[PDB]
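First, one chain by itself: the form deposited in one PDB entry, in structure tokens.
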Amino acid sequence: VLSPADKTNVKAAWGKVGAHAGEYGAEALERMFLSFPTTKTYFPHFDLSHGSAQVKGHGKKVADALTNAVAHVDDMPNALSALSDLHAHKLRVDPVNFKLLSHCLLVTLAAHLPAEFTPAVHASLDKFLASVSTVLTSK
């Protein structure tokens, strides 16, 4: 469960993303596709190369979902219900893959927000992304 400090830490770190929200989401996806090639097969209709307008657009959707989770952090199962059904029922996303994307999101944040990525905030972000992942694999 997320502590009050976890919630404040995540809100604060994510708040710094600003207009870059979509960009960072797209970067995390790119990091995942390159580092963990098994994940690519979920997107046969997307070109996954650098500068892909499809990955850019998708990164924005991923970011919007994370922002929704931050904004409704005490009510995540509800806020992400639709997304949970999608990832489990329709897409059949292997639960391992959420750990892969979560890691790539941490890397992206570390690479862009060095002042925010303290050890405590890293811990909070990891717990937050793990909580998001739990909801998205819950059915």
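The term rigid core refers to the most C-alpha atoms you can superpose between the two forms while keeping them within 1.5 Å. Sequential numbering from 1, following the sequence displayed.
Enquirer: Which of 87 to 95 and 102 to 110 lies farther, on average, from the shown form in 6 other deposited structures of this protein once the rigid core is superposed (C-alpha RMS)?
Expert: Between the two stretches, 87 to 95 moves farther in 6 other deposited structures of this protein.
Enquirer: Between 44 to 52 and 30 to 38, where do the CA atoms move more in 6 other deposited structures of this protein, taking the root mean square over the structures and residues after a core fit?
Expert: Between the two stretches, 44 to 52 moves farther in 6 other deposited structures of this protein.
Enquirer: Tell me which stretch, 60 to 68 or 99 to 107, has the higher mean Cα B-factor listed in the entry.
Expert: Of 60 to 68 and 99 to 107, the stretch with the higher C-alpha B-factor average is 60 to 68.
Enquirer: So, looking at the entry's B-factor column for Cα atoms, which has the higher mean, 28 to 36 or 79 to 87?
Expert: Averaging CA B-factors over each stretch, the winner is 79 to 87.
Enquirer: Going by the recorded CA B-factors, say which third of the chain residue 16 sits in, lowest, middle or highest.
Expert: It falls in the top third of the chain.
Enquirer: Would you mind ranking residue 115 by its C-alpha B-factor against the rest of the chain and naming the third, lowest, middle or highest?
Expert: Tercile = highest for this residue's CA B-factor.
Enquirer: Sorting the chain's CA B-factors, does residue 133 end up in the lowest, middle or highest third?
Expert: It belongs to the lowest third of the chain when residues are ordered by C-alpha B-factor.
Keep in mind the form solved in complex with a partner chain is missing from the figure; the text below concerns it.
Enquirer: Taking 4.5 angstroms as the cut-off for heavy atoms, does residue 74 touch its partner chain in the deposited complex?
Expert: Within the cut-off, so yes.
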